[PDB]
Amino acid sequence: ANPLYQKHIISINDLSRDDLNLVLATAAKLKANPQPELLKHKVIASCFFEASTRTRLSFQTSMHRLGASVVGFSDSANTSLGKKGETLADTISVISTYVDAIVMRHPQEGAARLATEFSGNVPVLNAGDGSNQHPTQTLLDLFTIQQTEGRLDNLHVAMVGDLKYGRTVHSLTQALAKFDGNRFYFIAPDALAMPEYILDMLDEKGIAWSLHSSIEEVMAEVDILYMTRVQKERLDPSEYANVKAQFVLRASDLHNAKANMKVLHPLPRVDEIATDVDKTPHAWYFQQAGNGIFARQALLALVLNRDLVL
Amino acid sequence: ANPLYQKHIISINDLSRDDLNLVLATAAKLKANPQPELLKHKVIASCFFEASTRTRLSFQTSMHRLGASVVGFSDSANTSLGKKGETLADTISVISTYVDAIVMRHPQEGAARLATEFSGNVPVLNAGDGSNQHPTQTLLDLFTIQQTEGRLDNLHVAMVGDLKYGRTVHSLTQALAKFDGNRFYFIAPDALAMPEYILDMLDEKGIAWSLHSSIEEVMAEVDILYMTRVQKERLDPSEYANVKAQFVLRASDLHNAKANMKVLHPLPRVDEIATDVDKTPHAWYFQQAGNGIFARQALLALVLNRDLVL
Amino acid sequence: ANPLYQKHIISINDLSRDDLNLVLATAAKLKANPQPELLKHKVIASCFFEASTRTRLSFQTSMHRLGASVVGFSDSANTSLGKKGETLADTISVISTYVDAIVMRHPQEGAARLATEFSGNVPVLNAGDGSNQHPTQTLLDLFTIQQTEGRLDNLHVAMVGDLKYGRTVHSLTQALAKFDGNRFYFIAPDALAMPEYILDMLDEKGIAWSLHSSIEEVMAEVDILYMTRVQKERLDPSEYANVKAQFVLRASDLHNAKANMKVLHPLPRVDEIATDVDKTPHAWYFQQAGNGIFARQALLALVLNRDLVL
Amino acid sequence: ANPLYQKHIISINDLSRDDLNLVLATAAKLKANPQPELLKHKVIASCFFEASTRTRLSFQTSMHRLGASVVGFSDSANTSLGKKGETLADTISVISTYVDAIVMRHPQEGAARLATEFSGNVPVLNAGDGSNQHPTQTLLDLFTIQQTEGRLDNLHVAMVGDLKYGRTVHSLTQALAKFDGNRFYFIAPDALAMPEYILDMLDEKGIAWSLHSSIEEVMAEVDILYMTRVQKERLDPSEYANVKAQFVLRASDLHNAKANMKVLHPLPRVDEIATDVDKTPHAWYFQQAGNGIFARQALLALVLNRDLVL
Amino acid sequence: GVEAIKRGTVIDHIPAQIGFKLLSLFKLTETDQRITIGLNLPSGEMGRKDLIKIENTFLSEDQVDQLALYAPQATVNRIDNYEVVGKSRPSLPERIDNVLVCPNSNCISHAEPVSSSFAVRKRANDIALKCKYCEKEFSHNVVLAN
Amino acid sequence: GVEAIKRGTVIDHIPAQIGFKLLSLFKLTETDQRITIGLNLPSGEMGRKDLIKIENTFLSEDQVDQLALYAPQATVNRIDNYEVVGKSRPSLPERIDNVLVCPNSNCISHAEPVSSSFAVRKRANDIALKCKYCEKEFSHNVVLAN
Ligand SMILES: Nc1ncnc2c1ncn2[C@@H]1O[C@H](COP(=O)(O)OP(=O)(O)OP(=O)(O)O)[C@@H](O)[C@H]1O
Ligand SMILES: Nc1ncnc2c1ncn2[C@@H]1O[C@H](COP(=O)(O)OP(=O)(O)OP(=O)(O)O)[C@@H](O)[C@H]1O
Ligand SMILES: [Zn+2]
Ligand SMILES: [Zn+2]
């Protein structure tokens, strides 16, 4: 059997370096020689209790690219699920009697791990549960860094933006900390700094990280620039504005980065990466988006297929 | 390659007489000998930013009738798309990394032509963009007029209703003006008259049109009666009512029309065509609706399939 | 008893010339030597079943400036008991048992006239019943025209904008048409022109009027320029913007306007009058609004008081 | 004329020490021998464009306790004309034509200062303009601090909670910083600490302040404990709860507090003050709220009255 | 008077107050190159006029044509060795891009990342401009208020 | 840099690419008088400069001071009868009324008929600009960016 068979993907913290490597090596072969009737006759539930049309669309295209059928919903703007006091436990206990896999995004941290206790034997893939995990978005990031860098080790990674609350950047730091020689640079306003427990985990393993004030100080030695969105609601209208000059990326700024440098972003990108970075060969956030299809397919294939020989 | 291959259908104004004829001749063969695994393994996005369940249902049945998979959404009643300042440009730039074709309906005129600039090479089929185009509804109308009349030229076409604001009737006039010998009769209250630029285009090509006050004056020589909905919100509660006697079609009125005459309507038909016209053999609006399946399939097949030999 | 003592003020056409004058003469008295204790111990009810803050606040200030107490509401949504099955008839049958006069604004035409039949002897005044009447606005427009010009006779009044649907322009014409020698220039988009019947009445009385495509054509002949707000959504956005060099007043169009010419508007104004107009001494819309108090005080004082000694 | 006669009360920093005192001395007079007929015949407008029931009800009670009439509104939603294109400028240009003073609360900072330019001579008072000023709350906080302590000089005042965003803590500091000998202990979560500029001003005047991690460290030194509500959603739920043994007051923490120490809060309070605090004689938040009446009566009496004999 | 440079383009006879509008709309100032601008130069020849002289710079064909909507009579001059190597005048181009704004308020060109494109058609008395996107046709007068 | 006009202001050594901002911003272009503008000139040390000559117009003390944020070393020469009968430099003003936009998006100013106003304070090292309406202080760095 393959090691991720019938396993529930809930956290980056539960996946090992070897699993990261197997999911990323599968995606590679699936991107190259596609297997469009592999999950033929399988029905996957895509249950988005929290509405997230871009993740939804990715996951569902990935399911169709492999011949799986899809049923499911997107709520937040009320469907019916989670009313008349029906518990998430009973809801998953009923959906496991039809589907072969459950993909779910939910607004409370922990939901996906609770579904796990009631699904019995249908794997539960977590597409985002509150301020906590989102493994699928780290797997597509890692696959994009490996595609472009050639390596997941010995990298120089800058993480720019709201690192306090950026869920995406916290898992990529824990994921990348699983590999060797990585050096991090955190660039964030003081009210949005990389929380302590991340910083503690890094030190404890002997990983090197520095804090910088401007992206400009570090442009030359950076391999991966991961931008994240400054959530204006976390700051005052006046606080946001007067960051004295801001943390936006502009194509002028990159007139200095190494040839291999790639600007990543989980999206939406609103104000923070200006339009002129798009014409730059370093702009990679859209190509990052499309590799979500491959990381998503790798996962659905490995979890549902006992020995994949491709 | 076929001439409509990989081409984006945005406007009736960009399609030629020959293209109208090829899309209508394909639909004919697809209605007769159906090809249910032609778009096998293709995934089409049906992105309805403006909710329109009858067009949606048509387009999606058409996609399944050919073996395509469908992902997508209907918003207006909020999904999530087009918030946190995410632009339509970035949204289409991300959906082109998964789907093979984009079908979209949007509330602003011009949206479908903007999607065109960011989709790169995935064709964008416009299912309605503001008060401007809707090619797919003209193609099903034309296919219905040709099915029943045997011809797209030398016709006597009455256009009854709100012609000022009727988007449907403006494109059918531009589409039909591409063929010969057509004569038009416009029957509309004065506040809802056929706008000047249409009238100018007609004259400039030498096409004959008259204005009438009652449908009754013209019943005898009419081949196609295209009803459109009088939008009560465009008039006062008192203005609507006191049109002195109204512009409703009733089966008594047709006791006079030629054998071949067919009453068309884009629907909903609310008040304007009474129920007794349904039992009349001239009633064709539902059969018109079902030919949308064939015009829709023709199009998806020609745009996605390099040489169709059927 | 004064000629309007205990009368119902429902519609302008129901008041004679002599009534309009009585009102307008009182209103000038209450302005100069006010009696702020005149309705001491009366309780007027402010029932806005449609909500309007400026009219609500104007009438309630008037009630207060004569020492009266108000009970009342507003909604444009469910209120509670008023909505729970209740017919306006019953609502009125019940409040006329509590209060001394009823002022009421409602969404359906004829609301305040049906009220008149269920209020017993309690006078009801119309603050706007749907698209029919709004007699209180016209009384302050006439008080303002009379106070800037010296008379309501032999005036060249120009009415501009949405002449088809604005309540106000229709009532102002019927009221000035009760005085002599007036000349009216109507400047409207033809989608929104003056109704035939206003015009028909104006010819029965041999009253002079003309139609103009733009304000500049009459700028020099005019005494009162009554701007009305062109309401955007009644037109197509493209339609709305396309119109010439508009029908909006700017300060430079006032260069040729007479010294005594004043600009009036019912408010809200938005892009129909530009700010630089506010500076010129012809700008009179906010003073107009202010005469709202004095005009409505007259009407309240008169309906509720036997003989007014002022 | 009194020094504040016909002045606009917009911001605390705009009032001198001598102004704060004049206000605070009147307020103690109107408390002891009230004159409930002093604004007989004035009409004040209560315009809450943002709604706040306790502030609305406090100011309107004050208007009533001096024999004045109120006209006014509230919304936090569409009101009607106020929303239909209207600029606050025009709204004010029109109500200053009706009323004698304007009290107004609004969501955008600077709302009441722009009003000042369109109200003619009508004074406008700020009931809270966005995150900038709320001068009326600070006047009743100072009246309460003065009435419990005997002075506004040489006080050890501790400010607690959301020192970063609470309007009130920032104004209270600028106002007490106009008196002498005060000492300030600031006890905040560092995500929510005092802004640099409050502190910078405090050092320009050589004013003593210190930062503390928890109320127990200063419990014994304090005269006024100004609790502010830690607003939950500005923090992550996990973040919010994680903080130590909190910054919430319980009755047992008051064991070492001076006999004259009072606890103040602007209200609403929820889990920042526990019920057992309400019982102790240091609980003063509801009496504080009650001084709202007397403080606002002073301000109304003073702006609207030539010479106050009390 | 403003009058001599070695090489470049001298745009002459710009009808007063348009000379500023052309610098802004066509961004002629974003060059670190000798520009001499003369606003409200008298010249009895036309009453009052404006003149842009951009040095060692030559506008070409298309660039010359856009001016047509604004300064329709500008004599554009190629100065190439201290004197006039060739003149030109504005010809109406088939499409005007980037400079105009759509009147259609619901035209999507308004929120998005896209430069406007309008196609020019001299409709007998004036020129009509059809937007690329919303395809609404407008009187260029309507358009140039924007 | 150039020569004679009788009567008028000559603003010399405006940095470079600021000469257009000033024209744009303080609307010096809406006169009927000859204005000559010279862009990216030599004959002022720095080599490169912009210069503006407006005849029959003389700028007041405070108008001089509005230049200060943009061109602080601008010399504002006062010409009468072909000769420089006066020279001023821009000092820092207390209030830069009208030409800036408050970076705080919730300021009421944005939506309304009010001219902006900022109290200016501290010289050269950092200039703090405080909005009149929302009473928020900002570094001139942010205000003078959007
Ligand atoms: N060498 C040059 N450098 C800069 N500008 C020049 C040059 N030669 C001509 N001009 C400008 O061209 C305008 C006059 O050129 P030109 O002789 O082409 O005009 P014209 O309209 O053909 O007049 P005419 O018949 O009266 O001679 C002037 O504004 C002068 O400044
Ligand atoms: N009559 C004039 N017409 C137009 N511009 C003039 C006139 N006189 C002087 N200027 C412009 O004034 C600048 C030089 O004037 P001015 O003599 O005031 O300079 P300065 O700084 O006092 O120099 P210096 O000591 O070197 O003579 C030049 O840009 C010349 O551009
Ligand atoms: Zn457009
Ligand atoms: Zn501001």
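Method of determination, as annotated in the archive: X-ray crystallography, at 2.6 Å resolution.

This next bit is on the coordination of the zinc ion (ligand 3). By definition of the ideal shapes, four donors in a tetrahedron about a metal sit 109.5 degrees apart, and six donors in an octahedron sit 90 or 180 degrees apart. Residue and element names in this part refer to chain E. Each protein donor to the zinc ion (ligand 3) is listed here as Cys102 (SG), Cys107 (SG), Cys131 (SG) and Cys134 (SG); together their distances run 2.3 Å. Bound by 4 donor atoms, the zinc ion (ligand 3) shows angles of 105 to 117° at the metal and therefore tetrahedral coordination geometry. For the zinc ion (ligand 3), the single-chain donor residues occur in sequence as C-x4-C-x23-C-x2-C. Placement of the pair is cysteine 102 in the loop between strand 6 (95-97) and strand 7 (117-123) and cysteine 134 in the loop between strand 8 (126-131) and strand 9 (137-139), with a sequence separation of 32 residues. You can call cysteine 102 buried: its relative accessible area is 5%.

Before going further, it helps to examine the site of ligand 2. Residue and element names in this part refer to chain F. Near ligand 2, the surroundings consist of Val2, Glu3, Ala4, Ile5, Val10, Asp12, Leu51, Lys53, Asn77, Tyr82, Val84 and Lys87. Taking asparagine 77, its side chain carries an N or O atom lying 3.5 Å from an oxygen atom of ligand 2. A distance of 2.7 Å is found between an oxygen atom of ligand 2 and a side-chain nitrogen or oxygen belonging to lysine 87. Computed on the free molecule, ligand 2 has an accessible area of 640 Å², of which 57% lies beneath the protein chains in the complex. Those elements that place two or more of their residues in the shell around ligand 2 are strand 1 (8-14), strand 3 (49-55) and strand 5 (83-88). Its residues placed into classes, the shell around ligand 2 shows 7 nonpolar, 1 polar and 4 charged.

Next up on the list: the domain arrangement of chain A. All names here are of chain A. Once the domains are mapped, chain A shows domain 1 (1-133 + 292-310) and domain 2 (134-291). Here the C-alpha centroids of domain 1 and domain 2 sit 26 Å apart. Contacts between the two partners involve 32 residues from domain 1 and, on the opposite side, 26 residues from domain 2. Carbon and sulfur atoms supply 55% of the area buried between domain 1 and domain 2, which totals about 2300 Å² over both sides. Taken as a group, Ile12, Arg17 and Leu24 account for 28% of the area that domain 1 buries against domain 2, more than any other trio of residues on that side. Linking domain 1 with domain 2 are 1 salt bridge.

In screw terms, the move from chain C to chain D is a rotation of 120° and a rise of 0.0 Å along the axis, fitting with an RMSD of 0.0 Å. The symmetry that links the two subunits is that of a three-fold axis. No C-alpha of chain C lies nearer the rotation axis than that of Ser69(C), which sits 5.2 Å from it.

Bringing the UniProt feature "binding site: Zn(2+)" in chain E into the picture now. Using the residue numbers shown here, the UniProt feature "binding site: Zn(2+)" corresponds to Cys102(E), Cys107(E), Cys131(E) and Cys134(E). These annotated residues cover 33 residues of sequence, and their C-alpha atoms all fall within 8.8 Å of one another, placing them together at a single site. With respect to the element layout, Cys131(E) can be found in strand 8. The exposure class of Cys131(E) is buried, given its relative accessible area of 3%. If we ignore the near neighbours within four places in the chain, the residues touching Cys134(E) are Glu109(B), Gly110(B), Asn132(B), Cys102(E), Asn104(E) and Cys107(E).

Procedures and definitions
- Residues numbered from 1 in each chain as written, not as in the entry; some residues may be left out.
- Chains lettered and ligands numbered in written order.
- Part of a larger assembly, values for the part shown.
- Heavy atoms only, no water.
- Donors = N, O, S within 2.8 Å, 3.2 Å for Na, K, Ca; no water.
- Tetrahedral: all angles 85-135°; square planar, octahedral: opposite > 155°, others 65-115°.
- Helix = DSSP H or I, 4+ residues; strand = E, 2+ residues; numbered from the N terminus.
- Buried < 20%, exposed > 50% of the residue type's maximum accessible area, 1.4 Å probe, protein only.
- Near = heavy atom within 4 Å.
- Polar contact = N/O pair within 3.5 Å; in protein donor to acceptor, adjacent residues only side chain to side chain.
- Areas by Shrake-Rupley, 256 points an atom, 1.4 Å probe, with all protein chains shown as cover.
- Nonpolar A, V, L, I, M, F, W, Y, C, P; charged D, E, K, R; others polar.
- Domains from an automatic or database assignment.
- Contact = heavy atoms within 4.5 Å.
- Buried area = accessible area lost by both parts, 1.4 Å probe.
- Salt bridge = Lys/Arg side-chain N within 4 Å of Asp/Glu carboxyl O.
- Least-squares fit on C-alpha atoms.
- UniProt positions renumbered as here; feature names shortened; annotations may be inferred.

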